[PDB]
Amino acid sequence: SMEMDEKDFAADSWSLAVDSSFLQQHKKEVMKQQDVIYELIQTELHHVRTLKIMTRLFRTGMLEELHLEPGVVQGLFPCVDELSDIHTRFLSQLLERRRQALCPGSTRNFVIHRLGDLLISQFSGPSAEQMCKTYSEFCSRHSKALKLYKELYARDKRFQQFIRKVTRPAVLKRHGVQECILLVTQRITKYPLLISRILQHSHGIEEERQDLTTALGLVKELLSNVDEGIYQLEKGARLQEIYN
């Protein structure tokens, strides 16, 4: 991620990120709403930073430093380019929504009144189709990804060294390969939680309460589709084991 966004989202909440004299001019109901929105954005940022660790640090670095069949690498990091594209675009939209909302003369004081519309666009139409298709694929390759990581780590010195090397920094403490894969799989199931809790504090403007309500139901239909599309693959599953 980039320092401008890191700094903007370094604080624990909206209440602590904005200036206190700006805070004091707002009703509590608004602060609570903003808190959860800040969190949705902050977590989406972390989610995108996770995918960039997968693609630039691990995937690319394997390609350019080891002599693995490129199909191996693809088995370790399925769909990561497409996922990078989906979430990075969604983040761009969330971050622009925030910038528009900044007061003149400030890089931190803001209030987002409108979010539902952005969530409906994201979780509907071609964008929703691309997500369902992409997560159905990711989650069905998840296990195979883990087994391949473990096979390679236990059979290859140079691979072992690569991993020790790139994950040695303190900031990678919780972002090794397997962690990244599960972080990604869990992300989609986080959206209903955040959306629900924003909606709880978005009752002042009736069209926003509906936009959020529609959004929530869109996220659940997506999760429901993804859950039905999963069939776990297995490294060297024979033809007979599938049709039983």
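So that the term is clear: the rigid core is the largest set of C-alpha atoms that superpose within 1.5 Å between two forms. Position 1 is the first residue in the sequence shown; the rest follow in order.
**Q** Output the stretch, either 69-77 or 110-118, that has more C-alpha displacement from this form in 9 other deposited structures of this protein following superposition by the rigid core.
**A** Taking the RMS over all superposed structures in 9 other deposited structures of this protein, 69-77 lies farther out.
**Q** Core fit done; bigger CA RMS in 9 other deposited structures of this protein for 60-68 or for 183-191?
**A** Relative to the shown form, the greater RMS C-alpha distance in 9 other deposited structures of this protein belongs to 60-68.
**Q** Can you tell me whether 163-171 has a higher mean C-alpha B factor than 67-75 in this record, or the other way round?
**A** Averaged over C-alpha atoms, the B-factors run higher in 67-75.
**Q** On mean C-alpha B-factor from the PDB entry, just flag whether 153-161 or 94-102 is the higher one.
**A** Going by the record's values, the stretch with the higher mean is 153-161.
**Q** Per the coordinate record, which of the options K52, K28, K190, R197 holds the highest CA temperature factor?
**A** Highest CA B-factor of the listed options: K28.
**Q** Reading the B-factor column of the entry, which of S140, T88, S127, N109 has the highest value at its C-alpha atom?
**A** Checking the PDB record, the top C-alpha B-factor among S140, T88, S127, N109 is at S127.
**Q** Based on the entry's values, in what third of the chain does the Cα temperature factor of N225 lie: lowest, middle or highest?
**A** Its C-alpha B-factor belongs to the middle third of this chain's values.
**Q** By the record's CA B-factor, is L16 among the lowest, middle or highest third of residues in the chain?
**A** Ranked within chain, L16 CA B lands in the middle tercile.
**Q** Consider only the C-alpha atoms of the modelled residues in this chain, order them by B-factor as the entry records it, and name the third containing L115: lowest, middle or highest.
**A** Tercile = highest for this residue's CA B-factor.
**Q** According to the PDB entry, is the CA B factor of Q42 in the bottom, middle or top third of its chain, that is, lowest, middle or highest?
**A** Bottom third by C-alpha B-factor.
**Q** Lowest, middle or highest third: which one holds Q34 when the chain's residues are ordered by CA B-factor from the entry?
**A** Middle third, going by the recorded CA B-factors of the chain.
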